[PDB]
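Input: a single structure, listed below in structure tokens.
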Amino acid sequence: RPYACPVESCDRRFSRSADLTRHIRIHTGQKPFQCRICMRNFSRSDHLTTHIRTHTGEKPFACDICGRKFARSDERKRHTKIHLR
DNA sequence: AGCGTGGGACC
DNA sequence: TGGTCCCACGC
Ligand SMILES: [Zn+2]
Ligand SMILES: [Zn+2]
Ligand SMILES: [Zn+2]
């Protein structure tokens, strides 16, 4: 919690100094990761990785119940719960 | 659905 | 630093 965002208009606080560094990019608008397929810029390398799958169609996450594939684990997570009742 | 994207964590 | 998951939330 000791790490406050220096931007004046912003008052968000962070427990980890590094979580502030990432956060600073929201204010600086820095997007240092580019998709070589569509040239779009992204603020995070991990977000670029999952974005690229929208081009290749790579879906490494399969639902345990029906086997349906998803590009992201969170999409699979959101899906799996539909099998309930 | 499709998928951007920030915060927390872990390495 | 900086890479990479999970999470969550949003549209
Ligand atoms: Zn801030
Ligand atoms: Zn792209
Ligand atoms: Zn399923």
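We name chains A, B, ... by the order of the sequence lines, and we start the count at 1 in each one. When reading the values below, keep in mind they use all heavy atoms of this one structure, side chains included, and skip hydrogens, waters and symmetry mates.
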Rounded to whole angstroms, how far apart are [atom1] on [X] and [atom2] on [N]?
{"X": "A:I24", "N": "B:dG6", "atom1": "CD1", "atom2": "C1'", "answer": "14 Å"}
{"X": "A:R25", "N": "B:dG4", "atom1": "CZ", "atom2": "P", "answer": "17 Å"}
{"X": "A:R16", "N": "B:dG6", "atom1": "CZ", "atom2": "P", "answer": "17 Å"}
{"X": "A:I52", "N": "B:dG2", "atom1": "CD1", "atom2": "P", "answer": "18 Å"}
{"X": "A:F61", "N": "B:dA1", "atom1": "CZ", "atom2": "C1'", "answer": "17 Å"}
{"X": "A:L20", "N": "C:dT1", "atom1": "CG", "atom2": "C1'", "answer": "15 Å"}
{"X": "A:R72", "N": "B:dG4", "atom1": "CZ", "atom2": "P", "answer": "7 Å"}
{"X": "A:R53", "N": "C:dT4", "atom1": "CZ", "atom2": "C1'", "answer": "11 Å"}

Taking atom [atom1] of [X] and atom [atom2] of [Y], what is their separation to the nearest 0.5 Å?
{"X": "A:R1", "Y": "A:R13", "atom1": "CZ", "atom2": "CZ", "result": "7.5 Å"}
{"X": "A:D19", "Y": "A:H23", "atom1": "CG", "atom2": "NE2", "result": "10.0 Å"}
{"X": "A:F61", "Y": "A:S73", "atom1": "CZ", "atom2": "OG", "result": "5.0 Å"}

Selected nucleotide, minimal atom distance to [X] side chain, candidates [options]:
{"X": "A:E75", "options": "B:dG8, B:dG6, B:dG2", "answer": "B:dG2"}
{"X": "A:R68", "options": "B:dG2, C:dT1, B:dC3", "answer": "B:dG2"}
{"X": "A:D74", "options": "B:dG6, B:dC10, C:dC9", "answer": "C:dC9"}
{"X": "A:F42", "options": "B:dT5, B:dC10, B:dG7", "answer": "B:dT5"}
{"X": "A:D46", "options": "C:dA8, C:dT4, B:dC10", "answer": "C:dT4"}
{"X": "A:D19", "options": "B:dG2, B:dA9, C:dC9", "answer": "B:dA9"}
{"X": "A:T54", "options": "B:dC10, B:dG7, B:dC3", "answer": "B:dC3"}
{"X": "A:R1", "options": "B:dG6, C:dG3, B:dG8", "answer": "B:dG8"}
{"X": "A:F33", "options": "C:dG3, C:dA8, B:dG6", "answer": "C:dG3"}

Exercise. If each of A:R40 and A:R22 is mapped to the nucleotide of DNA chain B with the nearest heavy atom, which maps nearer the 5' terminus, i.e. the 5' end?
Worked result: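 Looking at the nearest nucleotide for each, A:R40 comes out on the 5' side.
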Exercise. With a non-hydrogen cut-off below 4.0 angstrom, is A:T21 in contact with a base, only sugar-phosphate, or nothing?
Worked result: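 The answer is nothing, as A:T21 stays clear of every strand by at least 4.0 Å.
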Exercise. So what does A:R78 hit on the nucleic acid, given a heavy-atom distance under 4.0 Å: a base, only sugar-phosphate, or nothing?
Worked result: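 Result for A:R78 = base.
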Please state whether the phosphate of [N], meaning OP1 or OP2, lies under 4.0 angstrom from any side-chain nitrogen or oxygen of [X].
{"X": "A:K77", "N": "C:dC6", "value": "no"}
{"X": "A:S73", "N": "C:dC6", "value": "yes"}
{"X": "A:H23", "N": "B:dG7", "value": "yes"}

Exercise. Stacking here means centres under 5.5 Å and planes under 30°; does A:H51 stack on B:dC3?
Worked result: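 Not stacked by the 5.5 Å and 30° rule.
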Problem set entry | Hydrophobic cluster identity match, A:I26 and A:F14, side-chain contacts under 4.5 Å |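 Unlinked, A:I26 and A:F14 end up in two clusters.
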Exercise. Yes or no on side chain to side chain contact (heavy atoms under 4.5 Å, CB included) for A:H83 and A:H79, after CA distance, side-chain angles and deciding distance?
Worked result: CA-CA 8 Å; A:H83 297 302; A:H79 165 88; 3.2 Å; yes
Exercise. Would a distance-only check, ignoring hydrogens and angles, find a side-chain to backbone donor-acceptor pair under 3.5 Å from A:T49 to A:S45?
Worked result: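 Checked: pair present.
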Problem set entry | Base B:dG7 paired with A:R12 side chain (donor-acceptor, <3.5 Å) |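 No, no donor-acceptor pair under 3.5 Å.
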